[PDB]
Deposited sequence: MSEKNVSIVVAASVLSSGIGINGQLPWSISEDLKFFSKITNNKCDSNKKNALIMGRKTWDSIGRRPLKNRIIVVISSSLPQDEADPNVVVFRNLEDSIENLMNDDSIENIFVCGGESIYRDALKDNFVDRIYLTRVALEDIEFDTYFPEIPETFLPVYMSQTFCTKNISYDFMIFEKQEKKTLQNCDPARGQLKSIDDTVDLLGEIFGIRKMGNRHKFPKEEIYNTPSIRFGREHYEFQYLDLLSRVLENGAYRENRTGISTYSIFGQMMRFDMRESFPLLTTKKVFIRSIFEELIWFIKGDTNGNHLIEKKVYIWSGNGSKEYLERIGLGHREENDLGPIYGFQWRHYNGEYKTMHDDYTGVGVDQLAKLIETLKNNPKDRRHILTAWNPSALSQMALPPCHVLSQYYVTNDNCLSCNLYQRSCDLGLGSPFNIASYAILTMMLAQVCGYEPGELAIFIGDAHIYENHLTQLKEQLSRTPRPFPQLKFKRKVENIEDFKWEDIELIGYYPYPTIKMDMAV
């Protein structure tokens, strides 16, 4: 018995695989992939067979593929042995029987053509599916990959990769089929005896009804799962608790998330994330601005709630003007320890400029272990509309000249805050990198109180039902000399195809 699996690359949304007899894109790595997986075998004396429609044969240029034996499906072509490494069959049904014969053939691959895919599937001929998702969407297709039958389940999803600014993705699907205990049993019993006295019971693995893409058990490589799985983890273990807002949450303490920034930009796809607001709040921080009006003026309202007259009055800052947030994130970054008056005052030269120092240090002493930025000032906490949630960040230059960032975040609203925080510190690191002459590295976020407000429960359940797509790419149109110079127009987001936005009320 031998294996027969499909290999294909289609657009992420509509699954387009071709146009005018050609691929709709040019990605080396993907072909290098097709080659690697297609030649993969363990019997030297044997070879793999690659079935393909005639038109695809025309696209390949009718030349053989090294170490393999192409197999064309055509109504009209000769069965001669001009080339031993190429055979032809009148139909796909018959094309199978490489099993029946050819102990010289180890594995079979359907390299397709739409018609051929749609039949290999229709007749239950295929076992596995190697699918390369390409974030190239808005563009003419004449050939598409058939909708995957529900008898298949994804078991692997790779991280996102980049080529010519195009994001993409390797997935594997498999068909469903019928029907050492010692450790699991011992641990279970030990769990019955000790209850929550055994830490493991305090960190129970998420039940599948709340596990994203459950079928992917050992292949959760997409680093978007770092966020989706945290969501699951708290949905499963989160203790119910009251808080200052009056809207209770489910909270666990001390989690982590890593994201790569070398090959892509971590902007969540399982829901539409509004990146106009993340960047805008970012330079707003970078410039050391604490006037919430400047934000509202650019139609960004994320700080209105904690800026209103009532709330300010409620927390004892009734003297402030309608949106004077006090010495929050911006102020601490540019003027740590500055004596704060109002948002109208000029703070030029007052306080310690950490961002400026960070940059001068990253350039001059890169391997220095003190690249730190903090917003936690005990002396100023009472003047802040809100004490800083993402509390301090550390920056780290690799030997191969990338800039990575670590951020501890005391309080994290998984539904509303986190997506923003991820995109933000990714952008900040990139900006920092360009300005210091580096490439983006990795992003790691350490969370203290990781929670999900109880009025976000059905919305997050919704998001958890959507399988993640490839992360988009983010590029700067120009190299600026001063970090405080970036503008929205300077930003280019390439290949972002999120699921629909999901409304979620913030708790003031």
Checklist line | Ranges of the deposited sequence (numbered from 1) for which no C-alpha atom is modelled | finding: 1-2, 182-192
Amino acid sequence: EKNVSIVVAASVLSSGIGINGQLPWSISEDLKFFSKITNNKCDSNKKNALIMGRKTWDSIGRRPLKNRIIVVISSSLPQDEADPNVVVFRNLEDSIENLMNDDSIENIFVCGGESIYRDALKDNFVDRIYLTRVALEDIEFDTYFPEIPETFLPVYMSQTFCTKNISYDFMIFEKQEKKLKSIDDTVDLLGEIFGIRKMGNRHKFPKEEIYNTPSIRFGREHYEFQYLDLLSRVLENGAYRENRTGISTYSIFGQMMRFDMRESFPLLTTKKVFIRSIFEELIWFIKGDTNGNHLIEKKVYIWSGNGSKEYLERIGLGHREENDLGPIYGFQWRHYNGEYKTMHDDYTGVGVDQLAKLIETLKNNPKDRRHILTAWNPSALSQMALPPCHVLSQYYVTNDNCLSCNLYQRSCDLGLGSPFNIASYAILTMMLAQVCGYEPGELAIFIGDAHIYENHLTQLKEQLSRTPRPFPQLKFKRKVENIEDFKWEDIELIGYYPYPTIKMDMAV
From here on, numbers count along this sequence of modelled residues.
Check: Hey, which bit's got the bigger mean C-alpha B factor in the entry, 167-175 or 372-380?
Finding: 167-175
Note to self: I need to verify one thing: averaged over C-alpha atoms only, is the B-factor higher for 411-419 or for 134-142?
What the structure shows: 134-142
Notebook entry, point to check: Looking at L180, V391, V435, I302, which has the highest CA B-factor as recorded?
Noted result: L180
Item checked: Member of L474, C42, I452, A444 with the greatest C-alpha B factor (per the PDB record) -> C42
Notebook entry, point to check: Going by what the PDB entry lists, where does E192 fall on CA B-factor within its chain: lowest, middle or highest third?
Noted result: middle
Item checked: Within-chain third of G113 by Cα B-factor, per the entry -> middle
Notebook entry, point to check: Should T56 be placed in the lowest, middle or highest third of its chain by the C-alpha B factor in the entry?
Noted result: highest
Margin query: Ranking the modelled residues of this chain by C-alpha B-factor as given in the entry, is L493 in the lowest, middle or highest third?
Written below: lowest
Check: Among the modelled residues of its chain, does the C-alpha B-factor of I37 lie in the lowest, middle or highest third?
Finding: highest
